[PDB]
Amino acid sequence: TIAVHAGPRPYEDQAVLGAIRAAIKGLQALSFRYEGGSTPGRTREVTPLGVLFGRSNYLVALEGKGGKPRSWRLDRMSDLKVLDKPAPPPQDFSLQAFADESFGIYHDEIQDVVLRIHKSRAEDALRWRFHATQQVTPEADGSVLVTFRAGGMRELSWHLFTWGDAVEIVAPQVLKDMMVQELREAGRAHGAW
């Protein structure tokens, strides 16, 4: 290996990733049993397109000809088979575009987020991708205003924790409340207050 992603992650089945990689390399179809969705236990045949890594891992793939790309949980897939069948990917397809535009459900209300990053971290703010669609505005005093529209306030508050005292939550109020809730939960657990 010459590139490594540092840090914690879900355990991954290497044989599953291996079959996915082999199918993509071969421009071949991939089949698997899927314990989930509409029809659990059914064998699915897909054009594999790539993998999304995160707190959970997903295969990105089209089912059927003309099918739209979907995400499938790796840890719900079994019985992977690399098929003797061609499956060339669409020329148009962008995995990152997929990850932004057609991936990720919010189960909380979407908010207009406004963050002010203190000038001591303005460097990091100006190179940071909070969201595929964000606006970053340097301000007179050296601070940086970051705005984007998104749900996921709890996960966002977890990320904001890594900026320490250098981020001010300007809006929305629910994000301020979330950040206090998560801080109070951990602060009580660990004896901070």
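One rule holds for the numbers: they count along the sequence shown, beginning at 1.
Problem - 177-185 or 18-26, whichever carries the higher mean Cα B-factor - result: The deposited B-factors put 18-26 ahead on the C-alpha mean.
Practice task
Would you tell me which stretch averages the higher CA B-factor in the PDB entry, 126-134 or 35-43?
Solution key: It is 35-43 that shows the higher mean C-alpha B-factor.
Practice task
Choose from 74, 117, 113, 87 the residue with the greatest Cα B-factor as stated in the PDB record.
Solution key: Across 74, 117, 113, 87, the entry lists the biggest C-alpha B-factor for 87.
Problem - Chain-wide C-alpha B factor ranking for residue 165, given as lowest, middle or highest third - result: Middle third by C-alpha B-factor.
Handout entry: Chain thirds of CA B-factor: placement of residue 142
Key = Highest third - that is where residue 142 ends up once the chain's C-alpha B-factors are sorted.
Problem - Assigned third (lowest, middle, highest) for the C-alpha B factor of residue 3 - result: Answer is middle: the recorded C-alpha B-factor places it there.
Practice task
Could you say whether, by C-alpha temperature factor, residue 149 belongs to the lowest, middle or highest third of its chain?
Solution key: For residue 149, the deposited C-alpha B-factor lands in the middle third.
Handout entry: Cα B factor band for residue 159 (lowest, middle or highest third within the chain)
Key = Its C-alpha B-factor, which the entry lists for residue 159, ranks in the lowest third among residues of this chain.
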